[PDB]
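Coordinate analysis (summary)
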Amino acid sequence: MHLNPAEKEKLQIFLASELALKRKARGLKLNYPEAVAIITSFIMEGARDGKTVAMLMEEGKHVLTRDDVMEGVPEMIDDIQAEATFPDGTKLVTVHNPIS
Amino acid sequence: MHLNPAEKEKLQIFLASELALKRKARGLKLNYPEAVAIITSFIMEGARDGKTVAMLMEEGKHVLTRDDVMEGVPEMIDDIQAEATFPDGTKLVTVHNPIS
Amino acid sequence: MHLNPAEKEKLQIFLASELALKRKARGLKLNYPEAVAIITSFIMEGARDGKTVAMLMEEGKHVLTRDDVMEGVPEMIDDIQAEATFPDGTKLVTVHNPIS
Amino acid sequence: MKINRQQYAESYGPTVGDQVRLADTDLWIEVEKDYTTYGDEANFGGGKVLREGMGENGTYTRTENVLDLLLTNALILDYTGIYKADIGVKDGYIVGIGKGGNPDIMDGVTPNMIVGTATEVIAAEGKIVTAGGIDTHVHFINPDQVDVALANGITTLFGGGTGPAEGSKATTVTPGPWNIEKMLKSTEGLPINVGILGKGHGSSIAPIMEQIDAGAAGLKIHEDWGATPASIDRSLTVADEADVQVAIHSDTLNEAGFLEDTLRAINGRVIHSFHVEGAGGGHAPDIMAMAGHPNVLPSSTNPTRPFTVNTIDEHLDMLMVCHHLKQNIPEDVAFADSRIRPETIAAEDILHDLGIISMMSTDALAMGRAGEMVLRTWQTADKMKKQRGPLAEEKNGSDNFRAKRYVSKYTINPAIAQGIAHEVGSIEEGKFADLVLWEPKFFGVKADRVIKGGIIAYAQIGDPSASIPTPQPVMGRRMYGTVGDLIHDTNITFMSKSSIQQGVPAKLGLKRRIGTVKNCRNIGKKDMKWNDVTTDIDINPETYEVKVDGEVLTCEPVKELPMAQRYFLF
Amino acid sequence: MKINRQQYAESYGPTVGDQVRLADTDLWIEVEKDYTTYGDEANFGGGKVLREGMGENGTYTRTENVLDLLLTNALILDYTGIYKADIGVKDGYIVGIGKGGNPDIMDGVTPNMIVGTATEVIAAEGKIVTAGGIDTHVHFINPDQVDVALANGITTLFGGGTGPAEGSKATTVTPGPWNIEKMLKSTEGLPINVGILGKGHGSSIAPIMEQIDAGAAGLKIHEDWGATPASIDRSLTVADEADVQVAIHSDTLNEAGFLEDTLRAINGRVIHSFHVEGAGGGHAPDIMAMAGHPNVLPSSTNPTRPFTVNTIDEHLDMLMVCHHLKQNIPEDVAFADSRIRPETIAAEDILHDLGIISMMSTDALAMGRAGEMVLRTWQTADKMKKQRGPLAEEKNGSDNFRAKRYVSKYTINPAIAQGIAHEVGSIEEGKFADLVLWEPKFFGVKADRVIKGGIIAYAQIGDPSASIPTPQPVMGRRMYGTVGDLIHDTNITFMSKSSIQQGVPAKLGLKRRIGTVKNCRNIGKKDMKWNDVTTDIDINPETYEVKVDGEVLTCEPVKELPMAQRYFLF
Amino acid sequence: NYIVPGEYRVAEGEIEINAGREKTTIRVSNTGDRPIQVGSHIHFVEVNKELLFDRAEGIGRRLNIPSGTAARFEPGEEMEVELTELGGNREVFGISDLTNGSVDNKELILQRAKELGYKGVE
Ligand SMILES: [Ag+]
Ligand SMILES: [Ag+]
Ligand SMILES: [Ag+]
Ligand SMILES: [Ag+]
Ligand code: NI
Ligand code: NI
Ligand code: NI
Ligand code: NI
Ligand SMILES: [O]
Ligand SMILES: [O]
């Protein structure tokens, strides 16, 4: 596979996202690391799909809403940042104030 | 996400549980580490659901039965121990003789 | 669970395979590490099912075809090698030219 | 020109009168004073103040009142105060708490806090800065325990063990000269401060003392080695000669004595009473009465902290697993019921709030959680505010009094008890620069950056392949202070005066900073900052009810805690 | 008062006559004798025996017959016996096997096994304790291989390599003075015992000998460097002068000779024959006949161990991948068919059972599995019991004879072959305290705790953030023996007498314990414990059938093994 | 032929503890209000001062119970226990500091026990 350090680390984010999505599916309000994991994995999978940085900056603000997460979680997340391989190489996505 | 060491380790248990559940779904009798992984993840997800230590001590004895696992696996597992964040903080669950 | 080093590493392959299968299910042509991950996990899960080395040497050549993967990926993969616990202990499987 | 107080606090962190919530608790800290000169605040970055000829001095060499490191705009939370200051570090020590920058152009610059060519900058604006935590009940069982401790703001581990040997799995003991030498060598590789306890057991002086001479920093008396009158007496005779602390886990079984017998053997000599509530060990059921005595420095371990609805069910089973108890041996059930007591666990919350139990600790991997001393201190303070109300001593609607009483329990008080508060345990000039930055939202839950001897050792930081360090995944990671030889200069091995005088560091080739244990025979309960109360604690032998000043101490267990499911992935 | 034998065995581990199943095999070991005094058994914990004035002596200083460590109630499985004893360790060595405790009050205490203030305790009741495994066929290719080895109870790695260079990926060779010096320095960081082999190739003495003087512990003759009569002869001339062992992988291709030519070059001198069955390398098809000769110390590598239904399909393809063979080059197909032979692999199982092949080894990362030497030894013994029945030598329905014959193959015999059995390879007084604790359920599969030089180096242990160490996830982890400078005192670098006499350790700054290689030119097959059989092995050149004493050696391959899918996650 | 991995097949018979040593039965009363549990290997004369028994009968002896087990006395409980003889050198040091030498010095042990209020020095 020839995994480099970042590929090995970022597998962990997908896993945490899968765990969080299962918790959301059985009706839990998600906590801080769950919410971050879901939005981060969304961004990285979006890059893999070949979306633009601009599309993901918009979409990332609509993955979770305040009624998906615990009290205070929206206000704990100022932004979510992720680097992924787009068709045009690695780029940084920042989603600002992802949850209101 | 601000993952601490235990959060990073315990992601591995959920993963091993997901692997074991797929093996059980295609009709395999589960082995020792599979059985431990399934019951451990059950306990940690139970804590996350907000069950009590007392509920999980009972439920953990009914997650797998001897007809789910290989010969000798029931007798190899004296107990399964897991620490997870309950609504009232980290607590230890021990499930005694989980498989008969 | 008593995980040894190889058990801890090989959980990563199953995870990468789960990620790749989700990417294939939403209609992406798979890349090099995705393709390797899917075929590797197939082999390790085959061993767990109790297939022979001979069965997996055959089956591994039909898990993915060239229309499942990006241009050049078939020609990048000369072979895929995996060691797993068969009913008769650890054995090496090599799948030669898995994708045409 | 004027700035409103919301914009001021956003830019520079809070100032006098402003309050900050501690994580998701109900606890509010208030800035008591500020060392700044409004308009001359120090800050670092593009077009900011710490630039050559401006807030950075371009003239002075490092020796000429210049800092190696300035933490700008820190909100300090310490037994000494809750206040706003710059923190200056040089040669790995805190040299200045006040106002940093350039006396060329700035008013109010503390004379030894010049920012110069030699100065690194950490932005602490909007952070809470505390001393590193001092955990005095550590079992050395699994080296993976050190990162767990760093991630919750612990910088000093005092205790014992050789790894997952049964002696070490039950007791904070590194026994004998050879085990002590081997673990001092192991310590060279641990990125945290360390002090090692010997076995506080024997009927002759020499077998006990030779552990102090070999490099132990103190002793542990444990019932699993025989917490007898003789082992107590010989240990304290050694400690009085050697100037080191003794910790005790007393005879739960009352085999050779009751509590009054253990107090008679102690004979008024100073001792640290571990897990004084007694679920973690000690004379059944009345060990917690130790905490009323003037010669006792009392700590709790953390699993009873605080009293929750799952505590008793969890502890009864934990003790069954730990002790290999059988539910069908009546003597095992009676033992467990005599040791795990809601009456003493509920009273333990209130004794903390009253300043009668002076210290927290973990009991890491023996009967306690390596990364939850700081976490459970604040959960206890928050529960007590909800159930008992603001303390009478509070003003301005702040929890400053309670915040100083509780921060003392895991910083200065363990340091004083161990004879190491000359080096560590508080943010004071002249002490080692062990400092923890916290985002208020994560306060007491997950440390932002842990500074060890003036270099970052541990940080919550993200993708190492990224353009910037904040992208996912953000996790606890070892930093450059842990790497190569820098692990030696940023960490302290605490040792007895005699082992130091006898040249043990050179004999064993230790490269770590060597700290001297001293001044821990001359102290008592009165020396425990904000936690100095002596009183007659009565524990009813039939009902286990606890009374202080004729009043039963009781509170309810809580169903929920802050600093819990909002933060943790498991 | 009397205890029934079920309750006795539950409390203290088994005693005389009691049997224990090895993992999920059909193999039973029986306790042959017990050093205890019934009622005075040593044990550690709350209200237990090893307490001051009781089973712990409170009088004696460490030098006065006191242990640094007691393993209580161990079931020893060793070439020397299968028996119950306490094991006492001091200064990193086994000093006493017998009965530990306090001569004040206990009968039958071994005089140098006092439990004192200085003594740590490991509970071995209900555990099997063996010597650490001695793997003499190690390729140093990937440092991740060391934990793999520790997790299956291996404590010594003898072999060669510089990492994943092609020379090292094929041969156990660290070539020349500079590569040897670099790998001796690398070794300072590996938490396992190590000895390094030089290249056993040349036609002049000096290029070979200078590797011994540089710090090599032996030589490897490999066909990939030219396993010619000259390279064989010069290597053995060097070895006879230097007192080090030579390992050989012979000329599979028969290019410069057949087996009789290789034996003539050896000329009756002692040699270790690697992978003697020949799938791993050697004269096609008859290399395994080496194992009948008195001057040959014969080992198997592990992938042929034992003969299973997937063995041949796996090996034919493994050799294709390893050698880059093409299925459409008839010479490649002929080579593969001449080298991978069910006839010699089936015979190899029986030659092990008969004590004609003396040793196991891995061939780690070149053609063998770093963590499966111990695992496959017991799988072979179990297969042989099922197919051949109890050996004639057995009594009481136990497999003790077979268990001593097979445990010798990976403990004492490789140590004797390498000239290192004065230090390692068995549980005997005076030897280095390399000890592996096994739960019987996990015996030979996953080690509980690996002790290196009297300190735990590796353990199956759980959550480092937990109250106790047993919660999930339980996995193999490095312990304090691996950390800081303690990695130096708990591990041995084995070196030639000449490199030691010439001061190589001081020249290179080696801090590890230095072990001397000696007494490996004066030995033969007769010196291989329980595996000392010499015989005429005939291998038919047309059919590849193996005969000993006129009888064809054949057995069937098995479809299933124990110590396999019940235990492993992959 | 069900396989329990690592199971025991223990031999027939029983293990006699402390074989060939004199046994003595005595009555012991916990006069205190807190539970007292006594281990197998504590010199019996040196137990908690609030246990009332004939102290002379505890000299040179310990509980005749399996190694590592204990006798429990609830508050106010009186019961019989069986003692066996100490072995080895029959010396005791430390614990309650009543012996610090041979167990043969009965008068000296009892004089110290009495002076310190160990109940039942007759
Ligand atoms: Ag405990
Ligand atoms: Ag316990
Ligand atoms: Ag090969
Ligand atoms: Ag090859
Ligand atoms: Ni304790
Ligand atoms: Ni403890
Ligand atoms: Ni070879
Ligand atoms: Ni090899
Ligand atoms: O403890
Ligand atoms: O090999």
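Residues numbered from 1 in each chain as written, not as in the entry; some residues may be left out. Chains lettered and ligands numbered in written order. Part of a larger assembly, values for the part shown. Heavy atoms only, no water.

Its PDB record attributes the structure to X-ray crystallography, giving the resolution as 1.630 Å.

The name given to chain D in the PDB entry is Urease subunit alpha, with the source organism recorded as Sporosarcina pasteurii. The title attached to this entry in the PDB is "X-ray crystal structure of Sporosarcina pasteurii urease inhibited by Ag(PEt3)Br determined at 1.63 Angstroms". You can read under Subunit in the UniProt record for chain D the words "Heterotrimer of UreA (gamma), UreB (beta) and UreC (alpha) subunits. Three heterotrimers associate to form the active enzyme." (UniProt positions renumbered as here; feature names shortened; annotations may be inferred.)

Chain A goes by Urease subunit gamma in the PDB entry, where it is assigned to Sporosarcina pasteurii. If you open the UniProt record of chain A and go to Catalytic activity, you find "urea + 2 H2O + H(+) = hydrogencarbonate + 2 NH4(+)". Here chain A is described in UniProt, under the heading Subunit, as follows: "Heterotrimer of UreA (gamma), UreB (beta) and UreC (alpha) subunits. Three heterotrimers associate to form the active enzyme."

This part is about the coordination of the nickel ion (ligand 5). All names here are of chain D. For the nickel ion (ligand 5), the full set of protein donor atoms is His-249 (ND1) and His-275 (NE2), at a range of 2.0 Å. Between the two metal centres, the nickel ion (ligand 5) and the nickel ion (ligand 6), the spacing is 3.7 Å. Separated by 26 residues along the polypeptide, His-249 in strand β12 (residues 245–249) and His-275 in the loop between β13 (271–273) and β14 (296–298) bring together distant segments of the chain. (Donors = N, O, S within 2.8 Å, 3.2 Å for Na, K, Ca; no water. Helix = DSSP H or I, 4+ residues; strand = E, 2+ residues; numbered from the N terminus.)

Here the focus is the pairing of strand β1 (residues 79–86) of chain B. Most of β1 of chain B sits inside the fold, with 7 of its 8 residues counted as buried. Linking β1 of chain B back to strand β2 (residues 89–96) of chain B in an antiparallel pair, the connection comprises 2 residues. (Buried < 20%, exposed > 50% of the residue type's maximum accessible area, 1.4 Å probe, protein only. Pairing = 2+ DSSP bridges.)

Let's shift gears to the packing of aromatic side chains. This structure, assessed with the given rule, holds 25 aromatic pairs over all chains. Geometrically, the ring pair formed by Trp-378 of chain E and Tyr-410 of chain E is edge-to-face, given 6.3 Å between the ring centres and 85° between the ring planes. One end of the pair, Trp-378 of chain E, is in helix α11 (residues 373–388); the other, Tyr-410 of chain E, is in helix α12 (residues 400–410), and 32 residues separate them in sequence. Residue class for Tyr-410 of chain E comes out buried when judged on its relative accessible area of 1%. When the ring centre of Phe-570 of chain E is taken as reference, the NZ or CZ atom of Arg-23 of chain B above it lies at 5.2 Å. Directly above the ring of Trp-225 of chain D sits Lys-199 of chain D, whose terminal nitrogen or CZ lies 3.6 Å from the centroid. (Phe/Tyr/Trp six-rings, centres within 6.5 Å; stacked < 30°, edge-to-face > 60°. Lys NZ or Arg CZ within 6 Å of the ring centre and 35° of its normal.)

A few words on the coordination of the nickel ion (ligand 8). Residues and elements named next belong to chain E. Protein-derived coordination of the nickel ion (ligand 8) comes from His-137 (NE2), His-139 (NE2) and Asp-363 (OD), at a distance range of 2.0 to 2.2 Å. One way to put it: the 4 donor atoms around the nickel ion (ligand 8) meet at angles of 83 to 154°, and that makes the site irregular. In this structure, the nickel ion (ligand 8) lies 3.7 Å away from the nickel ion (ligand 7). (Tetrahedral: all angles 85-135°; square planar, octahedral: opposite > 155°, others 65-115°.)

Let's shift gears to the pattern of salt bridges. Following the criterion strictly, the structure yields 109 salt bridges over all chains and no others. Between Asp-147 of chain D and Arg-478 of chain D there is a salt bridge whose closest N-O contact spans 2.7 Å. Here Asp-147 of chain D is found in helix α2 (residues 145–151), whereas its partner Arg-478 of chain D is found in strand β18 (residues 475–478), with 331 residues between them in sequence. Residue classification places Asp-147 of chain D among the buried positions, given a relative accessible area of 19%. Look at the salt bridges and you will find they share partners, linking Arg-23, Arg-26 and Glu-34 of chain A together with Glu-45, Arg-48 and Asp-49 of chain B into a network. (Salt bridge = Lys/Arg side-chain N within 4 Å of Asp/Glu carboxyl O.)

Here we come to the packing of helix α10 (residues 342–353) of chain E against α12 of chain E. All names here are of chain E. At a closest axis distance of 10 Å, the pairing of α10 and α12 adopts a crossing angle of 110°. Comparing their axes, α12 and α10 come out roughly perpendicular. Facing α10, whose interface residues are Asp-349, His-352 and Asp-353, α12 presents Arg-402, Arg-405, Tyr-406 and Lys-409. Taken together, the residues of the contact of α10 with α12 break down into 1 nonpolar, 1 polar and 5 charged. (Axes fitted to C-alpha atoms, helices over the stretch in contact; angles between N-to-C directions. Parallel < 35°, antiparallel > 145°, perpendicular 65-115°, else oblique. Contact = heavy atoms within 4.5 Å. Nonpolar A, V, L, I, M, F, W, Y, C, P; charged D, E, K, R; others polar.)

To continue, consider the interface of chain D and chain E. On the chain E side, the residues contacting the 60 residues of chain D number 50 residues. Carbon and sulfur atoms make up 58% of the area that chain D and chain E hide from each other, which totals about 4400 Å². Linking chain D to chain E there are 6 salt bridges. Here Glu-166 of chain D and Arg-449 of chain E are joined by a salt bridge, their closest N and O atoms 3.0 Å apart. On the surface where chain D and chain E come into contact, there are 33 residue pairs in polar contact. Of all the secondary structure elements, the ones that give two or more residues to the side of chain D that touches chain E are α2, α3 (166–170), α4 (176–187), α5 (205–214), α6 (229–242) and α8 (311–323) of chain D. Residue contributions to the side of chain D that touches chain E peak at 8 residues, all from α4 of chain D. Broken down by class, the residue content of the side of chain D that touches chain E amounts to 24 nonpolar, 22 polar and 14 charged. (Buried area = accessible area lost by both parts, 1.4 Å probe. Polar contact = N/O pair within 3.5 Å; in protein donor to acceptor, adjacent residues only side chain to side chain.)

Turning to the interface of chain C and chain B, a few remarks are in order. The interface of chain C with chain B comprises 10 residues on the first partner and 18 residues on the second. Across the chain C/chain B interface, buried area totals approximately 1300 Å², and carbon plus sulfur atoms make up 63% of it. Linking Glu-45 of chain C and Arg-23 of chain B is a salt bridge whose minimum nitrogen-to-oxygen distance equals 2.8 Å. Where the side of chain C that touches chain B is concerned, the elements lending two or more residues are α1 (5–25) and α2 (32–49) of chain C. Looking at the side of chain C that touches chain B element by element, the count peaks at 5 residues for α1 of chain C. A class-by-class count of the residues in the side of chain C that touches chain B yields 4 nonpolar, 1 polar and 5 charged.

This part is about the side chain of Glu-394 of chain E. All names here are of chain E. Secondary-structure assignment places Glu-394 in the loop between α11 and α12. Within the structure, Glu-394 has its side chain in polar contact with the backbone nitrogen of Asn-400 (distance 3.3 Å). A distance of 2.8 Å separates a polar atom in the side chain of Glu-394 from the backbone nitrogen of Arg-402. Residue contacts for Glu-394: discarding those within four places in its chain leaves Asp-399, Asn-400, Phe-401 and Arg-402.

For the rest of this paragraph, the subject is the sheet that holds strand β23 (residues 546–548) of chain E. Residue and element names in this part refer to chain E. One open sheet holds the 3 strands; their spatial order is β22-β23-β24, and the pairing between them is antiparallel. Edge positions in the sheet fall to β22 (537–539) and β24 (551–552), since each has one partner strand and no second. Two elements, β23 and β24, share 2 bridges in a ladder whose sense is antiparallel. For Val-548, the partnering residue across the bridge sits in β24 and is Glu-551.

Mapping chain D onto chain E calls for a rotation angle of 120° and an axial translation of 0.0 Å; the resulting RMSD is 0.0 Å. Within this description, the copies of the chain are treated as partners about a three-fold rotation axis. Proximity to the rotation axis, assessed at the C-alpha, singles out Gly-484 of chain D in chain D; its C-alpha lies 6.2 Å from the axis. Interface overlap between copies: only 2% of the residues of chain D at the interface are likewise at the interface in chain E, consistent with a contact formed by different surfaces. (Least-squares fit on C-alpha atoms.)

Quick look at the packing of helix α1 (residues 5–25) of chain B against helix α2 (residues 32–49) of chain B now. Residue and element names in this part refer to chain B. The contact between α1 and α2 brings their axes to 8 Å, and the two run at 120°. It follows from the interaxial angle that α1 and α2 lie oblique. Classified by chirality, the crossing of α2 by α1 is left-handed. Contacts between α1 and α2 involve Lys-10, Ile-13, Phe-14, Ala-16, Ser-17, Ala-20, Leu-21 and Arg-23 from the former and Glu-34, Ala-37, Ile-38, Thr-40, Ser-41 and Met-44 from the latter. (Left-handed = near helix turned anticlockwise from the far one by under 90°.)

Moving on: the relation of the copies chain C and chain B. For these two chains of identical sequence, chain C goes onto chain B by a turn of 120° and a shift of 0.0 Å along the axis, with RMSD 0.0 Å. Mapped onto chain B, only 10% of the interface residues of chain C again fall at the interface, so the copies present different surfaces.

Between all 11 pairs of chains that are in contact, chains D and E come out with the most contacts. If you take every C-alpha in chain A and every C-alpha in chain F, the smallest gap between them is 34 Å, and the two do not touch. At the level of C-alpha atoms, the two units chain C and chain F stay apart, their nearest approach being 15 Å.

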